[PDB]
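Here we start with a single chain on its own, the form deposited in one PDB entry, put down as structure tokens.
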């Protein structure tokens, strides 16, 4: 309709996106000031008043979108479902008001395309995250049984062991703080710890390198799908078939010159 077109063309404009962006920055700025313990009683009501003013602008913005696109059209996008929940949770009877700043990711398209590539990369590294989980669990059980009676603060139970093993994987005070003290009581503790470090830092790097490389390609390819309007063959698919394609055109040229030979 006419009204469901003037409103939709306003929502898609960069001026509307900029206004909503400024309101999200204002909301985070006042929630930042609200961390000041030394504030006046009047300053707090004034800042929380600006928080309500921000939140009610988002309600008008979400309603504008639901009217302009429809219920099926608006809730079709996952980013719009996220936007809705962020705003709708503020009306549900909470130190997590600052999570409202996460809307900067969904409202700024370049930021939305960066996080999107990372989210789409996650399924690809599912097996590596599972492999790291298995290694942490087997290690936490072993550490609890081996060192829990002598080192209860660190390996007292499975939870204590999982936390310590995470600390050890991040290399934080692993030797001076954990393994050298454990070694005064258990001299061969390095046989557990050193291989654990080698195996976990390798797997974490594989997990991070994987997400980074896949998010880089997924983003680049979605950028090209947006530009050409058609499906982009993943770079690995092109790379796997590069040889196959190259030697097919060589055979076509040898057969091509065989026909020219008889002339």
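Rigid core here is just the name for the largest C-alpha set that superposes within 1.5 Å across the two forms. Numbering follows the first chain given and starts at 1.
Quick note: we don't show the form deposited in another entry, though the next part is all about it.
Visitor: Can you tell which of 10, 246, 19, 25 moves its Cα by 2 Å or more between this form and the one not shown, with the two forms laid on the rigid core?
Guide: Only 246 moves by 2 Å or more at its C-alpha.
Visitor: Is there a C-alpha shift of 2 Å or more at residue 234 between this form and the one not shown once the rigid core is superposed?
Guide: Yes.
Visitor: If you line up the core, does residue 36 shift 2 angstroms or more at its C-alpha between this form and the one not shown?
Guide: It does not, since the residue 36 C-alpha is displaced less than 2 Å between this form and the one not shown after the core fit.
Visitor: Superposed on the rigid core, does the Cα of residue 222 end up 2 angstroms or more away between this form and the one not shown?
Guide: Yes: residue 222 shifts by at least 2 Å between this form and the one not shown.
Visitor: How does the C-alpha distance between residue 115 and residue 234 change in the other entry compared with the present structure, closer or farther, given a change of 3 angstroms or more?
Guide: Farther, not closer.
Visitor: Residue 115 and residue 236: their C-alpha distance differs by 3 angstroms or more in the other entry. Do they come closer or move farther apart compared with the shown form?
Guide: The answer is farther, because the C-alphas of residue 115 and residue 236 separate from each other in the other entry by 3 Å or more.
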